[PDB]
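**Q** Provided hereafter are the protein sequence and its experimental coordinates.
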Amino acid sequence: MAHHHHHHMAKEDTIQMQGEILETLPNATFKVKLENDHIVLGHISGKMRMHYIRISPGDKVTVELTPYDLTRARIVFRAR
């Protein structure tokens, strides 16, 4: 196939996007609505989430999403 380009992506760029919890889910994942009205699923990684106070609807929180994986995210609760 003439000059067939290899599907091998480079330069990973993840984006921290900040909004508020629209809905709490017991799936270790929280339905977070961002300031753009775009709702993304911010998932808490690690067993810390069980010990951590589950983030109630109406709490503002940051998450981190690859623009390609916009459907999902990882929670970014800013701990010191």
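**A** The structure has been received and is ready for your questions. Numbers count the residues shown, from 1 in each chain.

**Q** So which residues of this protein form helices?
**A** Ranges of helices in the chain, per DSSP state H, are 48-51.

**Q** Where is the longest strand in it?
**A** strand 15-24 (DSSP state E).

**Q** counting contacts, what elements does that strand pack onto?
**A** With contacts taken as 3 or more Cβ pairs under 8 Å, 6 or more residues apart in numbering; DSSP states H and E, strand 15-24 sits against strand 29-34, strand 39-43, strand 60-65, strand 72-76. For the C-beta atoms, the positions are set from N, CA and C on the backbone; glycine is no exception.

**Q** So which residue is dead centre in this structure?
**A** When Cα atoms, centre = their mean is applied to the chain, the residue found nearest the centroid is residue 73 (1.8 Å).

**Q** Quickly list what it is bridged to.
**A** Taking DSSP bridges, one finds residue 42 as the beta-bridge partners of residue 73.

**Q** who are the neighbours in contact with it?
**A** With contact taken as Cβ atoms under 8 Å, 6 or more residues apart in numbering, residue 73 is in contact with 17, 32, 40-43, 63-65.

**Q** ok, now with 6 Å
**A** 40, 42, 63-65 (Cβ atoms under 6 Å, 6 or more residues apart in numbering).

**Q** out of these, who's nearest residue 21?
**A** residue 42 (8.2 Å; Cβ to Cβ).

**Q** That closest one reaches residue 63, doesn't it?
**A** Yes: assessed by Cβ atoms under 6 Å, residue 42 is found in contact with residue 63 at 3.6 Å.

**Q** Identify the contacts common to these two.
**A** Common neighbours of residue 42 and residue 63 (Cβ under 6 Å, 6+ apart) are 32, 73, 75.
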